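Engineer: Handing you this structure, nothing more for now.
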Amino acid sequence: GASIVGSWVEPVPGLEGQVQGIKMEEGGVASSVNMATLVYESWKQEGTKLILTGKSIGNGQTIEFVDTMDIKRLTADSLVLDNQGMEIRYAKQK
């Protein structure tokens, strides 16, 4: 099957032509693609579970998070995630 390693993006809501997302690299490092508030730091995949970590700058604080989601689709071109009922649809940044 396809590997999750790569850059995954989606259109920026409300900003036509712009994209945002996450770059997942070999070695477990993840980084934000075109986002200022969400700072991704790592990823880990355990079967259909994806665990993403980083920090969120907001409400006068910087708070580390650990978000656990289900991988619903993973192909050479697409990655679809279910994060507690919110679906996230990404396309592979070529």
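By order of appearance in the structure tokens: chains A, B, ..., then residues from 1 within every chain, and ligands from 1 in the order shown.
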Could you make a table, as a tab-separated table, of the residues of stretch 14-53 of chain A that have an atom within 12 Å of an atom of stretch 77-89 of chain A, each with its nearest atom pair and distance in Å to one decimal, counting only C-alpha atoms, in chain and number order?
Structural biologist:
```
residue	atom	partner	partner_atom	distance
A:20	CA	A:89	CA	11.4
A:21	CA	A:89	CA	10.0
A:22	CA	A:79	CA	11.1
A:24	CA	A:79	CA	12.0
A:48	CA	A:81	CA	9.6
A:49	CA	A:81	CA	9.3
A:50	CA	A:81	CA	8.4
A:51	CA	A:83	CA	10.1
A:52	CA	A:83	CA	10.5
```
Engineer: Emit the selected residues as a PDB file, in the first residue's frame, including N, CA and C atoms.
Structural biologist:
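Saved as part.pdb:
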```
ATOM      1  N   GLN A  20      -2.815  24.440   2.801  1.00  0.00           N
ATOM      2  CA  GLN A  20      -2.213  24.260   4.110  1.00  0.00           C
ATOM      3  C   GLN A  20      -2.171  22.779   4.435  1.00  0.00           C
ATOM      4  N   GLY A  21      -1.299  22.399   5.362  1.00  0.00           N
ATOM      5  CA  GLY A  21      -1.262  21.003   5.767  1.00  0.00           C
ATOM      6  C   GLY A  21      -0.091  20.584   6.607  1.00  0.00           C
ATOM      7  N   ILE A  22       0.362  19.359   6.353  1.00  0.00           N
ATOM      8  CA  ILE A  22       1.416  18.744   7.149  1.00  0.00           C
ATOM      9  C   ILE A  22       2.406  17.934   6.318  1.00  0.00           C
ATOM     10  N   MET A  24       5.106  14.995   6.692  1.00  0.00           N
ATOM     11  CA  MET A  24       5.536  13.913   7.560  1.00  0.00           C
ATOM     12  C   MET A  24       6.787  13.302   6.947  1.00  0.00           C
ATOM     13  N   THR A  48      -4.071   1.593  11.587  1.00  0.00           N
ATOM     14  CA  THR A  48      -4.971   2.642  11.089  1.00  0.00           C
ATOM     15  C   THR A  48      -5.019   3.848  12.030  1.00  0.00           C
ATOM     16  N   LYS A  49      -4.231   3.844  13.111  1.00  0.00           N
ATOM     17  CA  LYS A  49      -4.155   4.996  14.003  1.00  0.00           C
ATOM     18  C   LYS A  49      -2.982   5.902  13.650  1.00  0.00           C
ATOM     19  N   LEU A  50      -3.243   7.190  13.494  1.00  0.00           N
ATOM     20  CA  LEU A  50      -2.188   8.163  13.284  1.00  0.00           C
ATOM     21  C   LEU A  50      -2.154   9.040  14.527  1.00  0.00           C
ATOM     22  N   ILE A  51      -0.964   9.232  15.097  1.00  0.00           N
ATOM     23  CA  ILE A  51      -0.817  10.106  16.259  1.00  0.00           C
ATOM     24  C   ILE A  51       0.028  11.300  15.837  1.00  0.00           C
ATOM     25  N   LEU A  52      -0.516  12.518  15.957  1.00  0.00           N
ATOM     26  CA  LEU A  52       0.190  13.734  15.574  1.00  0.00           C
ATOM     27  C   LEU A  52       0.414  14.570  16.819  1.00  0.00           C
TER      28      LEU A  52
END
```
Engineer: Within 10 Å of residue A:75, counting only C-alpha atoms, which residues qualify if same-chain residues fewer than 6 places away don't, as a VMD selection string?
Structural biologist: chain A and resid 1 to 4 91 to 92
Engineer: Choose the residue, out of A:63, A:15, A:29, A:69, that has the smallest atom-to-atom separation from residue A:43; count only C-alpha atoms.
Structural biologist: A:29
Engineer: Would you return as a PyMOL selection string the members of chain A that DSSP assigns to strand (DSSP E or B) on this structure's backbone?
Structural biologist: chain A and resi 6-11+19-24+29-33+38-46+49-58+61-74+78-83+86-92
Engineer: Counting only C-alpha atoms, which residue out of A:31, A:93, A:18, A:42 sits closest to residue A:68?
Structural biologist: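 Checking each of A:31, A:93, A:18, A:42 against residue A:68, counting only C-alpha atoms, the winner is A:42.
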Engineer: Measuring atom to atom with only C-alpha atoms, identify which of A:90, A:27, A:13, A:39 is nearest to residue A:58.
Structural biologist: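 Looking at the shortest contact to residue A:58, the residue is A:39.
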Engineer: Separation of atom CA of residue A:41 and atom CA of residue A:76, in Å?
Structural biologist: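 For atom CA of residue A:41 relative to atom CA of residue A:76, the distance reads 22.8 Å.
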